[PDB]
Amino acid sequence: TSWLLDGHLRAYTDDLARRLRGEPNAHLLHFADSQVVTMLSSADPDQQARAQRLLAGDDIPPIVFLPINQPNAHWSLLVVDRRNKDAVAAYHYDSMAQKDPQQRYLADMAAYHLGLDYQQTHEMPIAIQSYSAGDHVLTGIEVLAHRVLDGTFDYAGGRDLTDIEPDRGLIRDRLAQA
């Protein structure tokens, strides 16, 4: 009924990170702040440099969830897995029924500013939204995070999100715990 702001995504991923604390493999995960993602493209050099450090520094974990904001328009999810530095993998999930060139452009610029070859990013299936782009992003992060923890993320098909079922309800419930 309403759309999610950067702050809602941040509050959800903050809470998620707390829920996952101490689990097998949780230290491999980094939930990026969406405003920091936006800043990779900033014209202010020091804004972009900061963003590069926070998301691609020498100590940022190698599996990074990057919410891609099309401001007041749409959300999607870019996942970057750089555990293997000679074979970085990147996955883009867009739930929008009829894709718009802007969204993948924003993901590609993010990949580009992270030092990646944007042409290598896989356009991945995710449940198609039937105002809920945000829900689909949060749900995809949560599902994929649990697959990293339980070690099924690396199986063939382990990054497929075709079958997710986002719900405003449990997101609201998790957001109400703050």
# chains A, B, ... in the order shown; residues from 1 in each chain; ligands from 1

call {"tool": "residues_around", "arguments": {"residues": "residue 111 in chain A", "least_positions_apart": "3", "cutoff": "9 Å", "atoms": "only C-alpha atoms", "output": "list in words"}}
result
residues 78, 80, 90, 106, 107, 108, 114, 115, 116, 117, 118 and 121 of chain A

call {"tool": "residues_around", "arguments": {"residues": "residue 98 in chain A", "least_positions_apart": "3", "cutoff": "12 Å", "atoms": "only C-alpha atoms", "output": "PyMOL selection string"}}
result
chain A and resi 94-95+101-103+128-130

call {"tool": "select_by_dssp", "arguments": {"residues": "range 42-121 of chain A", "states": "helix (DSSP H, G or I)", "output": "PyMOL selection string"}}
result
chain A and resi 45-56+101-113+118-120

call {"tool": "write_last_selection", "arguments": {"atoms": "N, CA, C and O atoms", "output": "JSON list (two decimals), in the first residue's frame"}}
result
[["chain", "number", "residue", "atom", "x", "y", "z"],
["A", 45, "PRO", "N", 33.82, 13.46, -5.57],
["A", 45, "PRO", "CA", 34.81, 12.39, -5.56],
["A", 45, "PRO", "C", 34.97, 11.70, -4.19],
["A", 45, "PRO", "O", 35.16, 10.34, -4.19],
["A", 46, "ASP", "N", 35.11, 12.62, -3.15],
["A", 46, "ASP", "CA", 35.16, 12.07, -1.78],
["A", 46, "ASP", "C", 33.93, 11.26, -1.30],
["A", 46, "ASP", "O", 34.07, 10.40, -0.43],
["A", 47, "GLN", "N", 32.74, 11.55, -1.84],
["A", 47, "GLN", "CA", 31.55, 10.73, -1.55],
["A", 47, "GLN", "C", 31.71, 9.33, -2.17],
["A", 47, "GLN", "O", 31.37, 8.30, -1.57],
["A", 48, "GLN", "N", 32.18, 9.31, -3.41],
["A", 48, "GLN", "CA", 32.33, 8.06, -4.15],
["A", 48, "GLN", "C", 33.47, 7.21, -3.58],
["A", 48, "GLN", "O", 33.34, 6.01, -3.44],
["A", 49, "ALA", "N", 34.58, 7.86, -3.23],
["A", 49, "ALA", "CA", 35.72, 7.20, -2.61],
["A", 49, "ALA", "C", 35.33, 6.52, -1.30],
["A", 49, "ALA", "O", 35.66, 5.36, -1.07],
["A", 50, "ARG", "N", 34.60, 7.26, -0.46],
["A", 50, "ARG", "CA", 34.08, 6.72, 0.79],
["A", 50, "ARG", "C", 33.25, 5.48, 0.50],
["A", 50, "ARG", "O", 33.38, 4.47, 1.17],
["A", 51, "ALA", "N", 32.40, 5.57, -0.52],
["A", 51, "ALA", "CA", 31.46, 4.47, -0.87],
["A", 51, "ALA", "C", 32.26, 3.28, -1.33],
["A", 51, "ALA", "O", 32.00, 2.15, -0.92],
["A", 52, "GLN", "N", 33.28, 3.52, -2.17],
["A", 52, "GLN", "CA", 34.19, 2.47, -2.58],
["A", 52, "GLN", "C", 34.88, 1.76, -1.39],
["A", 52, "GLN", "O", 35.02, 0.54, -1.42],
["A", 53, "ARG", "N", 35.25, 2.51, -0.34],
["A", 53, "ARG", "CA", 35.90, 1.93, 0.86],
["A", 53, "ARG", "C", 34.95, 1.08, 1.68],
["A", 53, "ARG", "O", 35.33, 0.01, 2.18],
["A", 54, "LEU", "N", 33.72, 1.58, 1.85],
["A", 54, "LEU", "CA", 32.71, 0.94, 2.66],
["A", 54, "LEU", "C", 32.16, -0.31, 2.03],
["A", 54, "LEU", "O", 31.66, -1.17, 2.74],
["A", 55, "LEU", "N", 32.27, -0.42, 0.70],
["A", 55, "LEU", "CA", 31.67, -1.56, -0.01],
["A", 55, "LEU", "C", 32.64, -2.48, -0.70],
["A", 55, "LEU", "O", 32.28, -3.62, -1.04],
["A", 56, "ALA", "N", 33.85, -1.96, -0.92],
["A", 56, "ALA", "CA", 34.92, -2.69, -1.60],
["A", 56, "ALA", "C", 36.27, -2.47, -0.94],
["A", 56, "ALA", "O", 37.32, -2.62, -1.61],
["A", 101, "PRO", "N", 14.97, 0.23, -18.79],
["A", 101, "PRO", "CA", 16.46, 0.21, -18.89],
["A", 101, "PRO", "C", 17.13, 0.90, -17.72],
["A", 101, "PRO", "O", 18.28, 0.57, -17.40],
["A", 102, "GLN", "N", 16.43, 1.79, -17.03],
["A", 102, "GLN", "CA", 17.10, 2.51, -15.94],
["A", 102, "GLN", "C", 17.59, 1.59, -14.82],
["A", 102, "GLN", "O", 18.72, 1.75, -14.36],
["A", 103, "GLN", "N", 16.77, 0.63, -14.42],
["A", 103, "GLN", "CA", 17.12, -0.21, -13.25],
["A", 103, "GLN", "C", 18.41, -1.02, -13.43],
["A", 103, "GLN", "O", 19.30, -1.00, -12.56],
["A", 104, "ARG", "N", 18.54, -1.70, -14.57],
["A", 104, "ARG", "CA", 19.74, -2.47, -14.82],
["A", 104, "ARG", "C", 20.95, -1.54, -15.01],
["A", 104, "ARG", "O", 22.04, -1.87, -14.60],
["A", 105, "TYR", "N", 20.72, -0.36, -15.60],
["A", 105, "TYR", "CA", 21.75, 0.67, -15.68],
["A", 105, "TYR", "C", 22.33, 1.04, -14.30],
["A", 105, "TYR", "O", 23.54, 1.09, -14.12],
["A", 106, "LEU", "N", 21.45, 1.31, -13.34],
["A", 106, "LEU", "CA", 21.85, 1.62, -11.96],
["A", 106, "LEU", "C", 22.67, 0.44, -11.39],
["A", 106, "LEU", "O", 23.73, 0.68, -10.84],
["A", 107, "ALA", "N", 22.18, -0.81, -11.54],
["A", 107, "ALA", "CA", 22.98, -2.01, -11.11],
["A", 107, "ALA", "C", 24.37, -2.11, -11.81],
["A", 107, "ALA", "O", 25.38, -2.51, -11.20],
["A", 108, "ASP", "N", 24.40, -1.73, -13.09],
["A", 108, "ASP", "CA", 25.61, -1.82, -13.88],
["A", 108, "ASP", "C", 26.60, -0.76, -13.46],
["A", 108, "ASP", "O", 27.80, -1.01, -13.43],
["A", 109, "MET", "N", 26.09, 0.42, -13.13],
["A", 109, "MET", "CA", 26.97, 1.50, -12.65],
["A", 109, "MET", "C", 27.55, 1.12, -11.30],
["A", 109, "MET", "O", 28.73, 1.31, -11.07],
["A", 110, "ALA", "N", 26.72, 0.55, -10.42],
["A", 110, "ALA", "CA", 27.20, 0.04, -9.13],
["A", 110, "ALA", "C", 28.32, -0.98, -9.35],
["A", 110, "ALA", "O", 29.41, -0.83, -8.76],
["A", 111, "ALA", "N", 28.08, -1.97, -10.22],
["A", 111, "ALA", "CA", 29.09, -2.99, -10.55],
["A", 111, "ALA", "C", 30.32, -2.34, -11.11],
["A", 111, "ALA", "O", 31.43, -2.64, -10.70],
["A", 112, "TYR", "N", 30.12, -1.43, -12.04],
["A", 112, "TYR", "CA", 31.26, -0.71, -12.62],
["A", 112, "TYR", "C", 32.12, 0.01, -11.56],
["A", 112, "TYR", "O", 33.34, -0.10, -11.56],
["A", 113, "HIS", "N", 31.47, 0.75, -10.67],
["A", 113, "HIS", "CA", 32.19, 1.49, -9.61],
["A", 113, "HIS", "C", 32.75, 0.61, -8.49],
["A", 113, "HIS", "O", 33.53, 1.09, -7.68],
["A", 118, "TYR", "N", 30.65, -5.13, -15.70],
["A", 118, "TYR", "CA", 29.19, -5.13, -15.62],
["A", 118, "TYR", "C", 28.55, -6.14, -16.57],
["A", 118, "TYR", "O", 27.45, -6.63, -16.34],
["A", 119, "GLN", "N", 29.26, -6.48, -17.64],
["A", 119, "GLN", "CA", 28.75, -7.41, -18.63],
["A", 119, "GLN", "C", 28.66, -8.82, -18.05],
["A", 119, "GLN", "O", 27.89, -9.63, -18.56],
["A", 120, "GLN", "N", 29.41, -9.09, -16.99],
["A", 120, "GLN", "CA", 29.36, -10.39, -16.31],
["A", 120, "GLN", "C", 28.19, -10.60, -15.36],
["A", 120, "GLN", "O", 27.96, -11.75, -14.94]]

call {"tool": "residues_around", "arguments": {"residues": "residue 61 in chain A", "least_positions_apart": "4", "cutoff": "9 Å", "atoms": "only C-alpha atoms", "output": "PDB file with C-alpha atoms, in the first residue's frame"}}
result
ATOM      1  CA  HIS A  27      30.886 -13.189   8.726  1.00  0.00           C
ATOM      2  CA  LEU A  28      30.880 -13.777   4.928  1.00  0.00           C
ATOM      3  CA  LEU A  29      27.838 -11.466   4.540  1.00  0.00           C
ATOM      4  CA  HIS A  30      27.647  -7.681   4.125  1.00  0.00           C
ATOM      5  CA  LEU A  55      31.667  -1.557  -0.012  1.00  0.00           C
ATOM      6  CA  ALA A  56      34.919  -2.689  -1.603  1.00  0.00           C
ATOM      7  CA  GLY A  57      37.566  -1.967   1.099  1.00  0.00           C
ATOM      8  CA  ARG A  82      33.957 -11.962  -4.555  1.00  0.00           C
ATOM      9  CA  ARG A  83      35.187 -14.909  -2.481  1.00  0.00           C
TER      10      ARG A  83
END

call {"tool": "residues_around", "arguments": {"residues": "residue 6 in chain A", "least_positions_apart": "3", "cutoff": "7 Å", "atoms": "only C-alpha atoms", "output": "MDAnalysis selection string"}}
result
chainID A and resid 9:10 34:35

call {"tool": "residues_around", "arguments": {"residues": "residue 176 in chain A", "least_positions_apart": "3", "cutoff": "12 Å", "atoms": "only C-alpha atoms", "output": "PDB file with N, CA and C atoms, in the first residue's frame"}}
result
ATOM      1  N   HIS A   8      13.879   2.002   5.896  1.00  0.00           N
ATOM      2  CA  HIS A   8      13.207   0.740   6.175  1.00  0.00           C
ATOM      3  C   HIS A   8      14.055  -0.445   5.821  1.00  0.00           C
ATOM      4  N   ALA A  11      16.830  -0.677   8.407  1.00  0.00           N
ATOM      5  CA  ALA A  11      16.346  -1.175   9.686  1.00  0.00           C
ATOM      6  C   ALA A  11      16.120  -2.694   9.620  1.00  0.00           C
ATOM      7  N   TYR A  12      15.582  -3.146   8.494  1.00  0.00           N
ATOM      8  CA  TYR A  12      15.396  -4.571   8.295  1.00  0.00           C
ATOM      9  C   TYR A  12      16.743  -5.303   8.227  1.00  0.00           C
ATOM     10  N   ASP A  15      18.460  -5.452  11.613  1.00  0.00           N
ATOM     11  CA  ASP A  15      17.821  -6.466  12.449  1.00  0.00           C
ATOM     12  C   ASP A  15      18.190  -7.886  12.004  1.00  0.00           C
ATOM     13  N   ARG A 168       4.064  -8.168   3.257  1.00  0.00           N
ATOM     14  CA  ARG A 168       4.269  -6.901   3.933  1.00  0.00           C
ATOM     15  C   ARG A 168       4.205  -7.132   5.445  1.00  0.00           C
ATOM     16  N   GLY A 169       3.264  -7.984   5.852  1.00  0.00           N
ATOM     17  CA  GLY A 169       3.049  -8.381   7.245  1.00  0.00           C
ATOM     18  C   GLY A 169       4.255  -8.706   8.113  1.00  0.00           C
ATOM     19  N   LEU A 170       5.051  -9.699   7.721  1.00  0.00           N
ATOM     20  CA  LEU A 170       6.167 -10.131   8.571  1.00  0.00           C
ATOM     21  C   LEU A 170       7.317  -9.122   8.503  1.00  0.00           C
ATOM     22  N   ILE A 171       7.399  -8.405   7.392  1.00  0.00           N
ATOM     23  CA  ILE A 171       8.332  -7.290   7.292  1.00  0.00           C
ATOM     24  C   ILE A 171       7.944  -6.208   8.305  1.00  0.00           C
ATOM     25  N   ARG A 172       6.675  -5.825   8.309  1.00  0.00           N
ATOM     26  CA  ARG A 172       6.134  -4.899   9.302  1.00  0.00           C
ATOM     27  C   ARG A 172       6.384  -5.359  10.740  1.00  0.00           C
ATOM     28  N   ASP A 173       6.187  -6.651  10.990  1.00  0.00           N
ATOM     29  CA  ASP A 173       6.416  -7.239  12.311  1.00  0.00           C
ATOM     30  C   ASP A 173       7.883  -7.144  12.719  1.00  0.00           C
TER      31      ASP A 173
END

call {"tool": "residues_around", "arguments": {"residues": "residue 150 in chain A", "least_positions_apart": "3", "cutoff": "12 Å", "atoms": "only C-alpha atoms", "output": "PyMOL selection string"}}
result
chain A and resi 20+23-26+143-147+153-155+158

call {"tool": "atom_distance", "arguments": {"atom1": "CA of residue 151 in chain A", "atom2": "CA of residue 67 in chain A"}}
result
22.6 Å

call {"tool": "atom_distance", "arguments": {"atom1": "CA of residue 92 in chain A", "atom2": "CA of residue 1 in chain A"}}
result
24.9 Å

call {"tool": "residues_around", "arguments": {"residues": "residue 68 in chain A", "least_positions_apart": "3", "cutoff": "6 Å", "atoms": "only C-alpha atoms", "output": "ChimeraX atom specification"}}
result
/A:75-77

call {"tool": "write_last_selection", "arguments": {"atoms": "C-alpha atoms", "output": "tab-separated table (two decimals), in the first residue's frame"}}
result
chain	number	residue	atom	x	y	z
A	75	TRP	CA	13.99	-1.26	-5.92
A	76	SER	CA	16.05	-4.23	-7.07
A	77	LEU	CA	18.89	-6.30	-5.65

call {"tool": "decode", "arguments": {"residues": "range 89-124 of chain A", "atoms": "N, CA, C and O atoms", "output": "PDB file, in the first residue's frame"}}
result
ATOM      1  N   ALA A  89      31.525 -13.152  -9.055  1.00  0.00           N
ATOM      2  CA  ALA A  89      30.212 -13.402  -9.603  1.00  0.00           C
ATOM      3  C   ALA A  89      29.277 -12.306  -9.095  1.00  0.00           C
ATOM      4  O   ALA A  89      29.451 -11.811  -7.964  1.00  0.00           O
ATOM      5  N   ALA A  90      28.338 -11.887  -9.947  1.00  0.00           N
ATOM      6  CA  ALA A  90      27.385 -10.820  -9.606  1.00  0.00           C
ATOM      7  C   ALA A  90      26.022 -11.180 -10.190  1.00  0.00           C
ATOM      8  O   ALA A  90      25.943 -11.736 -11.325  1.00  0.00           O
ATOM      9  N   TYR A  91      24.943 -10.944  -9.415  1.00  0.00           N
ATOM     10  CA  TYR A  91      23.613 -11.400  -9.723  1.00  0.00           C
ATOM     11  C   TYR A  91      22.640 -10.246  -9.503  1.00  0.00           C
ATOM     12  O   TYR A  91      22.654  -9.613  -8.435  1.00  0.00           O
ATOM     13  N   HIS A  92      21.848  -9.939 -10.522  1.00  0.00           N
ATOM     14  CA  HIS A  92      20.815  -8.898 -10.394  1.00  0.00           C
ATOM     15  C   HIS A  92      19.398  -9.452 -10.433  1.00  0.00           C
ATOM     16  O   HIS A  92      19.034 -10.178 -11.381  1.00  0.00           O
ATOM     17  N   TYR A  93      18.598  -9.113  -9.414  1.00  0.00           N
ATOM     18  CA  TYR A  93      17.206  -9.567  -9.255  1.00  0.00           C
ATOM     19  C   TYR A  93      16.294  -8.341  -9.330  1.00  0.00           C
ATOM     20  O   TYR A  93      16.413  -7.398  -8.525  1.00  0.00           O
ATOM     21  N   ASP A  94      15.444  -8.344 -10.339  1.00  0.00           N
ATOM     22  CA  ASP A  94      14.463  -7.271 -10.520  1.00  0.00           C
ATOM     23  C   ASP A  94      13.065  -7.862 -10.623  1.00  0.00           C
ATOM     24  O   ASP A  94      12.801  -8.704 -11.476  1.00  0.00           O
ATOM     25  N   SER A  95      12.153  -7.426  -9.766  1.00  0.00           N
ATOM     26  CA  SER A  95      10.904  -8.054  -9.675  1.00  0.00           C
ATOM     27  C   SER A  95       9.882  -7.396 -10.610  1.00  0.00           C
ATOM     28  O   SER A  95       8.682  -7.810 -10.658  1.00  0.00           O
ATOM     29  N   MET A  96      10.309  -6.341 -11.311  1.00  0.00           N
ATOM     30  CA  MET A  96       9.399  -5.526 -12.128  1.00  0.00           C
ATOM     31  C   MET A  96       9.016  -6.308 -13.351  1.00  0.00           C
ATOM     32  O   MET A  96       9.889  -6.766 -14.088  1.00  0.00           O
ATOM     33  N   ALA A  97       7.710  -6.443 -13.549  1.00  0.00           N
ATOM     34  CA  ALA A  97       7.102  -7.224 -14.633  1.00  0.00           C
ATOM     35  C   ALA A  97       7.605  -6.825 -16.028  1.00  0.00           C
ATOM     36  O   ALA A  97       8.052  -7.678 -16.808  1.00  0.00           O
ATOM     37  N   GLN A  98       7.507  -5.534 -16.339  1.00  0.00           N
ATOM     38  CA  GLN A  98       8.083  -4.999 -17.563  1.00  0.00           C
ATOM     39  C   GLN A  98       9.293  -4.134 -17.216  1.00  0.00           C
ATOM     40  O   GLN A  98       9.160  -2.968 -16.816  1.00  0.00           O
ATOM     41  N   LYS A  99      10.471  -4.740 -17.356  1.00  0.00           N
ATOM     42  CA  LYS A  99      11.749  -4.075 -17.086  1.00  0.00           C
ATOM     43  C   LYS A  99      11.867  -2.743 -17.811  1.00  0.00           C
ATOM     44  O   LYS A  99      11.326  -2.547 -18.910  1.00  0.00           O
ATOM     45  N   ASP A 100      12.570  -1.826 -17.159  1.00  0.00           N
ATOM     46  CA  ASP A 100      12.882  -0.487 -17.661  1.00  0.00           C
ATOM     47  C   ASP A 100      14.405  -0.417 -17.747  1.00  0.00           C
ATOM     48  O   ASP A 100      15.073  -0.944 -16.839  1.00  0.00           O
ATOM     49  N   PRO A 101      14.970   0.232 -18.794  1.00  0.00           N
ATOM     50  CA  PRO A 101      16.457   0.206 -18.892  1.00  0.00           C
ATOM     51  C   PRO A 101      17.134   0.898 -17.723  1.00  0.00           C
ATOM     52  O   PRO A 101      18.282   0.566 -17.400  1.00  0.00           O
ATOM     53  N   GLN A 102      16.429   1.793 -17.028  1.00  0.00           N
ATOM     54  CA  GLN A 102      17.101   2.514 -15.944  1.00  0.00           C
ATOM     55  C   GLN A 102      17.591   1.595 -14.822  1.00  0.00           C
ATOM     56  O   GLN A 102      18.720   1.753 -14.359  1.00  0.00           O
ATOM     57  N   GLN A 103      16.775   0.630 -14.420  1.00  0.00           N
ATOM     58  CA  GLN A 103      17.120  -0.211 -13.247  1.00  0.00           C
ATOM     59  C   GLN A 103      18.413  -1.021 -13.428  1.00  0.00           C
ATOM     60  O   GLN A 103      19.305  -1.000 -12.560  1.00  0.00           O
ATOM     61  N   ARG A 104      18.540  -1.704 -14.573  1.00  0.00           N
ATOM     62  CA  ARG A 104      19.744  -2.470 -14.817  1.00  0.00           C
ATOM     63  C   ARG A 104      20.947  -1.537 -15.014  1.00  0.00           C
ATOM     64  O   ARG A 104      22.041  -1.874 -14.602  1.00  0.00           O
ATOM     65  N   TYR A 105      20.721  -0.361 -15.601  1.00  0.00           N
ATOM     66  CA  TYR A 105      21.751   0.674 -15.675  1.00  0.00           C
ATOM     67  C   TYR A 105      22.326   1.040 -14.296  1.00  0.00           C
ATOM     68  O   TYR A 105      23.539   1.091 -14.118  1.00  0.00           O
ATOM     69  N   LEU A 106      21.446   1.311 -13.336  1.00  0.00           N
ATOM     70  CA  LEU A 106      21.852   1.615 -11.964  1.00  0.00           C
ATOM     71  C   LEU A 106      22.668   0.438 -11.393  1.00  0.00           C
ATOM     72  O   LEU A 106      23.727   0.676 -10.845  1.00  0.00           O
ATOM     73  N   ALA A 107      22.184  -0.809 -11.537  1.00  0.00           N
ATOM     74  CA  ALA A 107      22.981  -2.006 -11.112  1.00  0.00           C
ATOM     75  C   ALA A 107      24.370  -2.106 -11.809  1.00  0.00           C
ATOM     76  O   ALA A 107      25.379  -2.507 -11.198  1.00  0.00           O
ATOM     77  N   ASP A 108      24.404  -1.731 -13.089  1.00  0.00           N
ATOM     78  CA  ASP A 108      25.606  -1.822 -13.878  1.00  0.00           C
ATOM     79  C   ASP A 108      26.602  -0.762 -13.462  1.00  0.00           C
ATOM     80  O   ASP A 108      27.804  -1.009 -13.426  1.00  0.00           O
ATOM     81  N   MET A 109      26.091   0.415 -13.130  1.00  0.00           N
ATOM     82  CA  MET A 109      26.971   1.502 -12.653  1.00  0.00           C
ATOM     83  C   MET A 109      27.550   1.116 -11.300  1.00  0.00           C
ATOM     84  O   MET A 109      28.734   1.307 -11.074  1.00  0.00           O
ATOM     85  N   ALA A 110      26.720   0.547 -10.419  1.00  0.00           N
ATOM     86  CA  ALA A 110      27.196   0.045  -9.131  1.00  0.00           C
ATOM     87  C   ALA A 110      28.324  -0.977  -9.351  1.00  0.00           C
ATOM     88  O   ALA A 110      29.408  -0.832  -8.765  1.00  0.00           O
ATOM     89  N   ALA A 111      28.083  -1.966 -10.220  1.00  0.00           N
ATOM     90  CA  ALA A 111      29.093  -2.994 -10.554  1.00  0.00           C
ATOM     91  C   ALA A 111      30.317  -2.345 -11.111  1.00  0.00           C
ATOM     92  O   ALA A 111      31.427  -2.636 -10.702  1.00  0.00           O
ATOM     93  N   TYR A 112      30.122  -1.426 -12.041  1.00  0.00           N
ATOM     94  CA  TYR A 112      31.263  -0.707 -12.622  1.00  0.00           C
ATOM     95  C   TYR A 112      32.120   0.012 -11.561  1.00  0.00           C
ATOM     96  O   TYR A 112      33.339  -0.102 -11.555  1.00  0.00           O
ATOM     97  N   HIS A 113      31.468   0.754 -10.665  1.00  0.00           N
ATOM     98  CA  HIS A 113      32.187   1.491  -9.615  1.00  0.00           C
ATOM     99  C   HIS A 113      32.751   0.611  -8.492  1.00  0.00           C
ATOM    100  O   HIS A 113      33.535   1.086  -7.677  1.00  0.00           O
ATOM    101  N   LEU A 114      32.340  -0.653  -8.451  1.00  0.00           N
ATOM    102  CA  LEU A 114      32.935  -1.625  -7.530  1.00  0.00           C
ATOM    103  C   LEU A 114      34.162  -2.314  -8.133  1.00  0.00           C
ATOM    104  O   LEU A 114      34.729  -3.234  -7.514  1.00  0.00           O
ATOM    105  N   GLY A 115      34.560  -1.875  -9.331  1.00  0.00           N
ATOM    106  CA  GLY A 115      35.587  -2.543 -10.089  1.00  0.00           C
ATOM    107  C   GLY A 115      35.233  -3.789 -10.890  1.00  0.00           C
ATOM    108  O   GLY A 115      36.145  -4.503 -11.356  1.00  0.00           O
ATOM    109  N   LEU A 116      33.948  -4.038 -11.115  1.00  0.00           N
ATOM    110  CA  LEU A 116      33.510  -5.265 -11.777  1.00  0.00           C
ATOM    111  C   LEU A 116      33.284  -5.026 -13.247  1.00  0.00           C
ATOM    112  O   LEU A 116      33.199  -3.880 -13.691  1.00  0.00           O
ATOM    113  N   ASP A 117      33.267  -6.109 -14.014  1.00  0.00           N
ATOM    114  CA  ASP A 117      32.884  -6.048 -15.411  1.00  0.00           C
ATOM    115  C   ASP A 117      31.367  -6.206 -15.422  1.00  0.00           C
ATOM    116  O   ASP A 117      30.868  -7.297 -15.212  1.00  0.00           O
ATOM    117  N   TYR A 118      30.653  -5.128 -15.699  1.00  0.00           N
ATOM    118  CA  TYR A 118      29.186  -5.134 -15.615  1.00  0.00           C
ATOM    119  C   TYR A 118      28.553  -6.144 -16.575  1.00  0.00           C
ATOM    120  O   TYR A 118      27.446  -6.625 -16.339  1.00  0.00           O
ATOM    121  N   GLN A 119      29.264  -6.481 -17.644  1.00  0.00           N
ATOM    122  CA  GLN A 119      28.748  -7.413 -18.625  1.00  0.00           C
ATOM    123  C   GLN A 119      28.660  -8.821 -18.052  1.00  0.00           C
ATOM    124  O   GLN A 119      27.889  -9.634 -18.558  1.00  0.00           O
ATOM    125  N   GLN A 120      29.414  -9.085 -16.986  1.00  0.00           N
ATOM    126  CA  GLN A 120      29.361 -10.391 -16.313  1.00  0.00           C
ATOM    127  C   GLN A 120      28.186 -10.602 -15.361  1.00  0.00           C
ATOM    128  O   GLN A 120      27.960 -11.745 -14.944  1.00  0.00           O
ATOM    129  N   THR A 121      27.451  -9.543 -15.007  1.00  0.00           N
ATOM    130  CA  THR A 121      26.329  -9.674 -14.047  1.00  0.00           C
ATOM    131  C   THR A 121      25.163 -10.481 -14.633  1.00  0.00           C
ATOM    132  O   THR A 121      24.673 -10.173 -15.745  1.00  0.00           O
ATOM    133  N   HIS A 122      24.703 -11.487 -13.900  1.00  0.00           N
ATOM    134  CA  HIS A 122      23.657 -12.357 -14.397  1.00  0.00           C
ATOM    135  C   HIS A 122      22.329 -11.720 -14.102  1.00  0.00           C
ATOM    136  O   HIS A 122      22.097 -11.304 -12.967  1.00  0.00           O
ATOM    137  N   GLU A 123      21.458 -11.584 -15.097  1.00  0.00           N
ATOM    138  CA  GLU A 123      20.084 -11.170 -14.800  1.00  0.00           C
ATOM    139  C   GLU A 123      19.279 -12.377 -14.312  1.00  0.00           C
ATOM    140  O   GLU A 123      18.924 -13.254 -15.106  1.00  0.00           O
ATOM    141  N   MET A 124      18.948 -12.393 -13.022  1.00  0.00           N
ATOM    142  CA  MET A 124      18.389 -13.584 -12.377  1.00  0.00           C
ATOM    143  C   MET A 124      16.898 -13.528 -12.182  1.00  0.00           C
ATOM    144  O   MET A 124      16.347 -12.454 -11.972  1.00  0.00           O
TER     145      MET A 124
END
